[PDB]
């Protein structure tokens, strides 16, 4: 519900993508277990694709922590200072790779209702409409019933 | 010299079609307001509170103006001055004053 | 075109006073365009929530 | 003041709602379309 | 609107019908290599 | 000739220019616009462009949000081909119904491939014990339009 | 400070008082810039500066950070430099003069030629806005100007 | 009439379907002639061969073009 | 084996979190909140459906405003813009009207010129005389 939740405009951090593109994902901290049956997906992702993902994206710091935990989690911290914690509890390696790619592709801004699907700075090129932009001027600037 | 719309307001539109026929061009330079269609700026400068005896008191004679009215007359004066109704100027309760957004989003 | 934010806002949402002669004119045809002007349906910046509305003086 | 007895479009006395020029034109357009259909369905 | 005029001219009743506005690829890479084709 | 209220139509008469004069004037105007483009007296441009089923009015250094996922990685540049309208302060190019790819070039960089906020879709029927609640999360793609170019290849 | 904080320079900056006051943040960011200048080329450092500092000017006006006090005065000195005699302020359009919210349009005519126009609540504010518009047009900083060039030469 | 429309392959409205000009289908077309628009298929460039199956189109005027969007 | 519900707090909170901005006892009492939340969601879906129509009507109203500002009616403007194979939707047309007065005036002039071209063609009833902007270009 728009009236129940918050809202924001379509914005980008540091005007990203204008001069150069900077990956907004800063670090990815996986917390898993070696004996928990739920951490199977996290374990197999660590064995298989964490190295390939790290090589593909060198701008993100990847931490992996095995610990006696029951709910495997992933903490993505972005350049905005935003921290998004997701649960990778009982998910296959394909799903974990999809979630990691989504986190990498995200910009770190809040997932709330964007008021407008668009954002331009200074859309008033060539002028902006005002009531006087289409009315002809009269000789001497006289009022309709003013006599000079 | 032909134009569907008059060139008297803000721009001079000239339409044309590319010889290929797949593109329409329109040259429309802005129209400036000529000097004969303007009037000079009125300037009103009058200080009737100046006194030859004490200009120190004369200066405060133009600043000591104050007035206070009741709620009804004040709202009536505001409505008459801004051409609105009298129901807009009445205050609101705590329920509506608490639910206002402290940091509304801003564009541009 | 290159105005500051406040003067651009004032120019865009400024109020306009229109004149309307009523001699030998039908009330319906006069007041239809009058209502159009009071609503602000003659402005491309019109919106129901906005206070865009102009004054009309009918003589 | 003017009451419609019973329900509006059931009783012996119904609403006198008339036919409009738009309805007539729509019916004529549909009739022309169907005439073209039955012409094409001839040979 | 404007459906009868388009039908007389031979174009589709809807500008989305088999026109260049939909049949052509709406984007391509900056290098110039073709983009992956559209599911529609 | 009798002059009555209904004798003449209630609209001003219209006279169109001669065909040859119209073609010559069109040639002069198109040459003037071509000279303007070649000499580069244009400051900034806007463009109406068709993309992902919608039409967007876009200038340089712009942000647009598209409601479907694109088959590109982030940081990739993409050339928008379906340009419907080009415009600047003093001139404006209208396509029939599209502009030329050699004539106009618009490029945008992919910024963020993210997911939508949860949109609630609930159907409820009276005294039938029918409720149906769904939550939609739609992949979105953000494009930053960097530059809009026009070439003087315009006869 | 905004650029450094969004680039996570604050987290990597070794300093007490984790808030890292803005002098310290600015010093650390410019030390990073100097390290980039020493390591890579001056052209690369210029590209980095253009990508991470000029982009903060996107959508901004000139007087918003110039903050001048006498727009009409600076306009007349600029016209004196450009060999223009004097601009005349003339009321072009207006809507309401006795109302609570009048609006006025004031234009500037040099040799009876309109060079700029400006709206305002009062005549003085409209004249100041017209002077500001003329100044922006003279200096070339206009809303319809060329957008900044972000390319690799 | 519902069954005739179902067996004529016209479930989705505003979607053309090609049928023969035989009396067997003409009977059903006469039965449901008040619900459908019928045009003659025009072939200005002949029947599409096996090499032009992927480049065909159906213009709204009632004709089938075999060479559509040449490059 | 007596089984009782322990997460009833979270079950109630999952519904009450969407009704905290309501007025009256609907924001506190759970019995009154479920009905209010369900109607709120139904209205959200209906208004999401109606938002496209409402914004289209707003764009049409703005296009009218900017059109009779040029002395041209909306139906004539739209049909003559379509006849020129200029396929700009109502949203883009309203954007141009609000932020591009000169471009919108150019569009209005083109639509008008197409209108007099069609009127002259209808009056003449001649196959040979054709207007400049009335020519039809095929796909390429």
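A few notes on this one:
Chains here go by letter, A, B, C, D, E, F, G, H and I, matching the order in which they are written, and residues are numbered from 1 within each.
In this text, a residue touches a chain if its C-beta (ideal position, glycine included) is under 8 Å from a C-beta of that chain, and two chains touch if they have at least 3 such contacts.
Between the contact lists of chain E and chain H, the overlap is empty.
Distances between chain centres, each the mean of the C-alpha atoms, put G farthest from chain D.
Centroid to centroid, with C-alpha atoms defining each point, chain C and chain H lie 54 Å apart.
Chain F has its Cα centroid 43 Å from the Cα centroid of chain D.
Centre-to-centre separation between chain C and chain E, using Cα means, comes to 41 Å. In whole angstrom, the spacing between the mean C-alpha positions of chain A and chain E is 31.
The set of chain A residues that touch two or more partner chains comprises 1, 15, 18, 119, 121-135, 137, 141. Taken residue by residue, chain H touches two or more other chains at 69, whereas all remaining positions touch fewer. For chain F, residues touching at least two other chains, in rising order: 16, 26, 44, 46, 56-57, 59, 61, 87-89, 92, 94-97, 120, 146.
Residue ranges of chain E in contact with chain F, taken from their complex: 15, 19-21, 24-30, 32, 35-36.
Residues of chain A that touch chain I in their complex: 1-4, 123-129, 133-134. Those residues of chain I that touch chain E in the complex are listed here as 78-79, 82-83, 87, 136, 139-140. Against chain G, the residues of chain A that register as touching in their complex are 13-15, 18-20, 22, 26, 79-81, 121-122, 124-126, 130-132, 135, 137, 141.
On the side of chain C, the complex with chain A involves touching residues 1, 3, 8, 11-12, 14, 16, 19, 43-45, 54.
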